[PDB]
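Q: Let me begin by handing over the structure; questions about it come next.
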There are 2 protein chains.
Amino acid sequence: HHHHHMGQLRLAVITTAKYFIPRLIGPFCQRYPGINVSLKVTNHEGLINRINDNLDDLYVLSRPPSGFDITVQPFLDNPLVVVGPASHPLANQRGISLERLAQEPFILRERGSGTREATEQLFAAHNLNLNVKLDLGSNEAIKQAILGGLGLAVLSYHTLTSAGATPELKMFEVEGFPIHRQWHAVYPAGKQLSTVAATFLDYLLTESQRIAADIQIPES
Amino acid sequence: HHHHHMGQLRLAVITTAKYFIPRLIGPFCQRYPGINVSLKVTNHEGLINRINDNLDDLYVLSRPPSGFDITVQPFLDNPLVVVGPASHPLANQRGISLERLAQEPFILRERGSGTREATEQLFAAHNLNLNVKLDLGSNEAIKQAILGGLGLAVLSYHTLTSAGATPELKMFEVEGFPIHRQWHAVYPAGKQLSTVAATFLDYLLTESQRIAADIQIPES
Ligand SMILES: O=C(COP(=O)(O)O)[C@H](O)[C@H](O)COP(=O)(O)O
């Protein structure tokens, strides 16, 4: 091992993408051991500020931002799904109706959050009331709250793929889910990508569908 | 239908406490269904602001803050430890020196993090240069990077697992580790705790000493 790294890769990704980006960083760093990587993980507001200040090589976001000279490339599905404990009575039920589901307590992200609005918007179309027991601003906090028995959640499928994930939390088979959403690679269009970043972007675009199969992203 | 405990409970905790606090709310609410609980998860600057504005009943942080009239209750040790993959050559080695550890690449959190600054200060105290090859802003990313073979990390004990996931990490026996850090519940001392807050605090102390007993080892 060497102390000085002839090249650097600066990434900033939306919080939920923390479960997926390291699956690329790992094999990339094994191929190019002379690179040091910096990875920032933050919400949409944080990422916009970093783009505004031009801090990183590459950004991973859900929705492409307005007001910036950027190139945007979709690369991966981010489906939102119903999550609960494996011990829940509905855990193994097939085709759970949205009515049987609405009578369940939920732990969701804050109002105005992407996942929260999707389930609220969906619950509006069937004129049903969503029973919100607790509002948490963190994927990890929500999953901890589920295993404490406080109810079910709507989370991105990628929160189920933590390293060493166990069958203790599981995706529920529910009508109207998964709700399709996408992740995009974003970078400033005014300046050319560095060689390291361009090499990583190509890897991300060519390698992500292999990983999508290995973690079994639902195409639903 | 006789609930002796009804009230409002407002909690605010430092980010790392998302790994132990939200899972406790579940059984607490199952025991006291008449208590309405809100939980805010934020960083140190955010938490300090909330204490200043008197927004919550109880606050969970590591080091007690300066400049506030507060009562402080210790409740859980969350020590910092060296972790690597089980297949690493050092995995089963006894009494690894910091010199020996310093030849390895490290995967750490960003600057300003508790784990990063503790590790930088310790290695500086032995005039050792820490090879931080990957600076990753997420424990989940760090754990994947470890399992990918990219090197070693420093994490707090309760971050070594996550809700529904037990990655195959191994704690290394290393001189200068574990670095003890104590977590505290704090509340303004000018006002008596509300009945519900005192009930939650008593619960938090009882369940944390349960966790402490479960991992107890001989100390000096
Ligand atoms: O911004 C967040 C949101 O929390 P969450 O990931 O729980 O949605 C976290 O700081 C990073 O994601 C890293 O979290 P971690 O160190 O736990 O991986």
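Order determines the names: the first chain of the structure tokens is A, the second B, and so forth; residues in each chain are numbered 1 upward, and ligands are numbered 1 upward as they are shown.
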With a cut-off of 9 Å, could you pull out the residues of chain B touching ligand 1 and give me the nearest pair of atoms for each, distance in Å to one decimal, using only C-alpha atoms and all ligand atoms, ordered by chain and ascending number, as CSV?
A:
```
residue,atom,partner,partner_atom_place_in_ligand_line,distance
B:15,CA,ligand 1,10 (O),7.0
B:16,CA,ligand 1,17 (O),7.3
B:18,CA,ligand 1,7 (O),7.6
B:19,CA,ligand 1,17 (O),7.9
B:41,CA,ligand 1,4 (O),8.8
B:42,CA,ligand 1,10 (O),8.9
B:43,CA,ligand 1,10 (O),8.7
B:109,CA,ligand 1,16 (O),8.3
B:136,CA,ligand 1,16 (O),8.9
B:137,CA,ligand 1,13 (C),5.9
B:138,CA,ligand 1,16 (O),3.5
B:139,CA,ligand 1,16 (O),3.7
B:140,CA,ligand 1,18 (O),4.1
B:141,CA,ligand 1,18 (O),6.3
B:142,CA,ligand 1,18 (O),7.9
B:143,CA,ligand 1,18 (O),8.9
B:159,CA,ligand 1,17 (O),7.7
B:162,CA,ligand 1,17 (O),8.3
```
Q: Take the residues just selected and output them with C-alpha atoms as a JSON list (two decimals), in the first residue's frame.
A:
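Result went into out19.json, see below:
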```
[["chain", "number", "residue", "atom", "x", "y", "z"],
["B", 15, "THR", "CA", -27.57, 11.16, 14.30],
["B", 16, "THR", "CA", -25.63, 8.17, 15.70],
["B", 18, "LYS", "CA", -30.67, 6.51, 15.35],
["B", 19, "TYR", "CA", -28.96, 3.12, 15.79],
["B", 41, "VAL", "CA", -32.85, 13.06, 14.44],
["B", 42, "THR", "CA", -30.26, 15.74, 13.70],
["B", 43, "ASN", "CA", -26.59, 16.71, 13.95],
["B", 109, "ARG", "CA", -16.07, 9.13, 7.91],
["B", 136, "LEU", "CA", -17.05, 8.03, 2.96],
["B", 137, "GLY", "CA", -19.91, 9.96, 4.51],
["B", 138, "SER", "CA", -21.90, 6.89, 5.53],
["B", 139, "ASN", "CA", -21.48, 3.91, 7.84],
["B", 140, "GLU", "CA", -23.37, 1.77, 5.32],
["B", 141, "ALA", "CA", -20.89, 2.74, 2.60],
["B", 142, "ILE", "CA", -17.97, 2.10, 4.96],
["B", 143, "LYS", "CA", -19.22, -1.40, 5.78],
["B", 159, "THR", "CA", -23.09, 1.03, 14.29],
["B", 162, "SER", "CA", -28.04, -2.04, 11.35]]
```
Q: Pair the Cα atoms of chain A and chain B in order, fit the first onto the second, and let me know the RMSD in Å.
A: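 The RMSD between chain A and chain B over C-alpha atoms is 2.8 Å.
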Q: Rank B:134, B:128, B:11, B:118 by their smallest atom-to-atom distance to chain A, using only C-alpha atoms, and report the top residue only.
A: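 The shortest atom-to-atom distance to chain A comes from B:134.
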Q: Please provide the set of residues having any atom within 8 Å of residue 13 in chain B, restricted to only C-alpha atoms, with same-chain residues fewer than 3 positions apart removed, written as a ChimeraX atom specification.
A: /B:17-18,39-42,47,59-61
Q: Per residue of chain A within 6 Å of chain B, record the nearest atom pair and its distance in Å to one decimal, counting only C-alpha atoms, with rows in chain order and ascending residue number, as a tab-separated table.
A:
```
residue	atom	partner	partner_atom	distance
A:3	CA	B:131	CA	5.8
A:18	CA	B:141	CA	6.0
A:22	CA	B:141	CA	5.6
A:26	CA	B:148	CA	5.6
A:36	CA	B:133	CA	5.0
A:37	CA	B:134	CA	4.9
A:38	CA	B:135	CA	4.9
A:39	CA	B:136	CA	4.7
A:40	CA	B:137	CA	5.1
A:41	CA	B:137	CA	5.6
A:141	CA	B:18	CA	5.2
A:143	CA	B:163	CA	5.7
A:144	CA	B:23	CA	4.9
A:145	CA	B:23	CA	4.9
A:148	CA	B:26	CA	4.3
A:149	CA	B:26	CA	5.2
A:150	CA	B:26	CA	5.1
A:163	CA	B:167	CA	5.4
A:164	CA	B:167	CA	4.0
A:165	CA	B:165	CA	4.0
A:166	CA	B:165	CA	5.3
A:168	CA	B:164	CA	5.4
A:169	CA	B:164	CA	5.8
```
Q: Using only C-alpha atoms, please write the residues we just selected to a file, as an mmCIF file, in the first residue's frame.
A:
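The file below, selection02.cif, is the result:
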```
data_model
loop_
_atom_site.group_PDB
_atom_site.id
_atom_site.type_symbol
_atom_site.label_atom_id
_atom_site.label_comp_id
_atom_site.auth_asym_id
_atom_site.auth_seq_id
_atom_site.Cartn_x
_atom_site.Cartn_y
_atom_site.Cartn_z
ATOM 1 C CA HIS A 3 0.228 6.701 0.979
ATOM 2 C CA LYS A 18 -25.628 5.057 -0.169
ATOM 3 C CA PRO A 22 -20.360 1.398 -2.859
ATOM 4 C CA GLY A 26 -15.508 -1.331 -4.476
ATOM 5 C CA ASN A 36 -8.633 7.815 -3.354
ATOM 6 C CA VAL A 37 -12.402 8.281 -3.210
ATOM 7 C CA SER A 38 -14.419 10.900 -1.396
ATOM 8 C CA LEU A 39 -18.158 10.268 -1.061
ATOM 9 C CA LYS A 40 -20.663 12.743 0.340
ATOM 10 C CA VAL A 41 -24.143 11.494 1.254
ATOM 11 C CA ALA A 141 -34.333 5.369 11.887
ATOM 12 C CA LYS A 143 -36.109 0.629 9.679
ATOM 13 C CA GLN A 144 -35.159 0.598 13.374
ATOM 14 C CA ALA A 145 -38.690 1.797 14.211
ATOM 15 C CA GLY A 148 -39.329 -2.118 17.226
ATOM 16 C CA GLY A 149 -42.854 -2.965 16.135
ATOM 17 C CA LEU A 150 -44.247 0.501 15.427
ATOM 18 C CA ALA A 163 -24.541 -5.348 3.572
ATOM 19 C CA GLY A 164 -25.461 -8.562 5.368
ATOM 20 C CA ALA A 165 -29.208 -7.899 5.081
ATOM 21 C CA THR A 166 -31.283 -10.569 6.815
ATOM 22 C CA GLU A 168 -36.005 -9.830 9.175
ATOM 23 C CA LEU A 169 -37.287 -6.876 7.131
#
```
Q: Fewer than 2 positions away in the same chain doesn't count, so skip those; otherwise give me all residues within 12 Å of residue 205 in chain A, counting only C-alpha atoms, as JSON, numbers by chain.
A: {"A": [21, 24, 73, 74, 75, 76, 183, 184, 185, 198, 199, 200, 201, 202, 203, 207, 208, 209, 210, 211, 212]}
Q: Measure the distance from CA of residue 187 in chain B to CA of residue 214 in chain B in Å and round it to one decimal.
A: 27.4 Å
Q: Mind listing the strand (DSSP E) residues of range 70-109 of chain A, per DSSP on the backbone, as an MDAnalysis selection string?
A: chainID A and resid 70:77 80:85 106:108
Q: Could you name the residues that touch range 86-99 of chain B at 6 Å or less, counting only C-alpha atoms, but leaving out those on the same chain fewer than 4 positions away, as a list in words?
A: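 The contact residues come out as residues 170, 172, 173, 174 and 175 of chain B.
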Q: Provide the CA of residue 79 in chain B to CA of residue 151 in chain B distance in Å, to one decimal place.
A: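 For CA of residue 79 in chain B relative to CA of residue 151 in chain B, the distance reads 20.3 Å.
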Q: I'd like the interatomic distance between CA of residue 9 in chain B and CA of residue 197 in chain B, to a tenth of an Å.
A: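 Answer for the CA of residue 9 in chain B to CA of residue 197 in chain B separation: 6.1 Å.
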Q: For residue 215 in chain A, which of A:124, A:55, A:6, A:160 is the closest residue, counting only C-alpha atoms?
A: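 The closest residue to residue 215 in chain A is A:160.
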Q: Looking only at the backbone, which of the residues in range 61-191 of chain B does DSSP tag as alpha helix (DSSP H), as a list in words?
A: residues 98, 99, 100, 101, 114, 115, 116, 117, 118, 119, 120, 121, 122, 123, 124, 125, 139, 140, 141, 142, 143, 144, 145, 146 and 147 of chain B
Q: Which residue, B:213, B:63, B:14, B:171, has the smallest gap to residue 81 in chain B when you use only C-alpha atoms?
A: B:171
